[PDB]
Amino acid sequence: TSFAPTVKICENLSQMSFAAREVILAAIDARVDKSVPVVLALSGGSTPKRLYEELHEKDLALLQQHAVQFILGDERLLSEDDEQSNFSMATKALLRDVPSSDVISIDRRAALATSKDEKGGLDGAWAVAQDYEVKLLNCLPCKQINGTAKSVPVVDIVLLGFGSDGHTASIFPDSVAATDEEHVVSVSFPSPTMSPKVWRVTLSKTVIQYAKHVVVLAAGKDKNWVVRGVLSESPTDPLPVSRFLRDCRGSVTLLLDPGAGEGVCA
């Protein structure tokens, strides 16, 4: 009830992708030291594919001038050529024309041999998450987590989606990421209804909750219970794992289609 998200029910995906682009563009414009990039964490799926197409068409010049530093918010532990990886999706849509120096990459090889084994991929998943954590703590601006000897990267904008299972990023119900307040990058295996059935690495709840701006893009009736569960002032059931966004310290914007947004607005 000190949590005041911006909520915009969008008529079509184009309105959704445009609203998202304006947050990005405004953060880039608002910088005082233009020598430092806006850190942007990317999401996967058809939802953001379009936003990324729109930035490629409209804003490459800024991107080629290093205005932004790109990270993957979550990833499938699949080869990076594999079409089911978020890096592939994002590379086709936009990153193919962004300086490689502006994108932080995730090395998945420790995982590829075991990442589709639900039980056995755990160790390899941690191995990739640990590597990626080190890269983010080296390359991004960081702050100390109060009460610890540990630090967290401050992401300017985190882009997210909702799953019909209540998840965001790869923080799934009943996974380690769902209760991990230790790490910067955690791991998970998808929930029963979610695909692809491969191990994941994800930014933790902590990282998301210290981001300056969190923008969720969600469409579909099947997400409306997630939207409601997140937005209700007091806990309501079914309660979705992404209610943790309530404790974000930055701004939160939910960009919803009329199905996902049903009942929310007057």
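Residue numbers here begin at 1 and follow the sequence given.
Novice: Is the mean CA B factor in the deposited entry higher across 56 to 64 or across 215 to 223?
Specialist: If you average the C-alpha B-factors of 56 to 64 and of 215 to 223, the larger mean comes out for 56 to 64.
Novice: Decide which of the stretches 246 to 254 and 21 to 29 has the higher mean C-alpha B-factor, going by the entry.
Specialist: Comparing 21 to 29 with 246 to 254, the higher mean C-alpha B-factor belongs to 21 to 29.
Novice: Per the entry, which of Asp156, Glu181, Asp74, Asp165 tops the list for Cα B factor?
Specialist: So the option with the highest C-alpha B-factor is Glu181.
Novice: In terms of the CA temperature factor given in the entry, to which third of its chain does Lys49 belong: lowest, middle or highest?
Specialist: It belongs to the middle third of the chain when residues are ordered by C-alpha B-factor.
Novice: Per the entry's values, where does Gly161 land by CA temperature factor relative to the rest of its chain, in the lowest, middle or highest third?
Specialist: Lowest third.
Novice: Rank-wise, by C-alpha B-factor, drop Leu112 into the lowest, middle or highest third of its chain.
Specialist: It belongs to the highest third of the chain when residues are ordered by C-alpha B-factor.
Novice: Lowest, middle or highest third of the chain for the C-alpha temperature factor of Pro235?
Specialist: As the PDB entry reports it, the C-alpha B-factor of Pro235 lands in the middle third of its chain.
Novice: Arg228: which third of its chain by C-alpha temperature factor?
Specialist: According to the entry, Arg228 has a C-alpha B-factor in the chain's middle third.
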